[PDB]
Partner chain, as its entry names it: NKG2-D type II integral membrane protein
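Next up is one chain by itself, shown in structure tokens, the form deposited without the partner chain.
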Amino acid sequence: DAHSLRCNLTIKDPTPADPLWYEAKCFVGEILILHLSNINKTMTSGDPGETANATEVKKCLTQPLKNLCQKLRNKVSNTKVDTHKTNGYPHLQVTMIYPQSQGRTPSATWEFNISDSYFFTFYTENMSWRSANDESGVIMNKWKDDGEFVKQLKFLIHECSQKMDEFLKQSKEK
């Protein structure tokens, strides 16, 4: 039994109606860790905010994640779909699921959801891709063919591997 550290990236198009062009949240069960976006600063607490190992994982993930959203914001605008554009238009949904590795070499699964229409996944374990159908596998093959973008996916994991494992051990344990 357990939990995995789950991060959720949301890349949309700006819109002075909803400017935020990217947002990410990583939780382990219910415990929030990270919450980024392109908006602004403050820093609020209600009781949590620290749990020391979270500030550790928080520090590790922040940039690699930020660069990923940056990557994906272009990866998506560059992409052709079936929908009619107005001034851009895509809506991406990414979800990395990192389970506790006691298990051999740290692995995660990155899930992509484009416009709620296209779905495909990346498995860090055996460096593989799966698509929901051939309509989705089309985009997938364009993306998987992007070396830097794939690297970012594996490296994000290789990098914050240990710190996420440590946070997972201490987590859900008081």
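Positions refer to the first chain, counted from 1.
**Student:** Mean CA temperature factor from the deposited coordinates, higher in 159-167 or in 11-19?
**Tutor:** On average, C-alpha B-factors are higher across 11-19.
**Student:** Going by the mean C-alpha B-factor recorded in the entry, which is higher: 98-106 or 82-90?
**Tutor:** For C-alpha atoms only, the mean B-factor is higher in 82-90.
**Student:** Tell me which of 63, 40, 141, 117 tops the list for C-alpha B factor in the record.
**Tutor:** Going by the entry's C-alpha B-factors, 40 comes out highest.
**Student:** Highest recorded C-alpha temperature factor, please, choosing from 33, 36, 52, 127.
**Tutor:** That would be 52.
**Student:** Thinking about Cα B factors across the chain, which third does residue 56 belong to?
**Tutor:** Its C-alpha B-factor belongs to the middle third of this chain's values.
**Student:** Split into thirds by Cα B-factor across the chain's modelled residues, where does residue 45 land: lowest, middle or highest?
**Tutor:** CA B-factor rank for residue 45: highest third.
Below, we refer to the form solved in complex with the partner chain, which is not included among the displayed structures.
**Student:** In the deposited complex, do 121, 141 and 143 all reach within 4.5 Å of the partner chain through at least one heavy atom apiece?
**Tutor:** Contact check failed for every one of 121, 141 and 143.
**Student:** Tell me, please, which stretch of 63-71, 130-138, 107-115, 27-35 lies within 4.5 angstroms of the partner chain in the deposited complex when heavy atoms are compared?
**Tutor:** Heavy-atom contact with the partner occurs in 63-71.
**Student:** Would you please decide whether residue 78 lies within 4.5 angstroms of the partner chain in the deposited complex, comparing each non-hydrogen atom pair?
**Tutor:** Flag for residue 78 set to yes.
**Student:** So in the deposited complex, does any heavy atom of residue 23 sit within 4.5 Å of the partner chain?
**Tutor:** Outside the cut-off, so no.
**Student:** Counting only non-hydrogen atoms and a 4.5 angstroms cut-off, does residue 152 reach the partner chain in the deposited complex?
**Tutor:** Residue 152: yes, in contact with the partner chain in the deposited complex.
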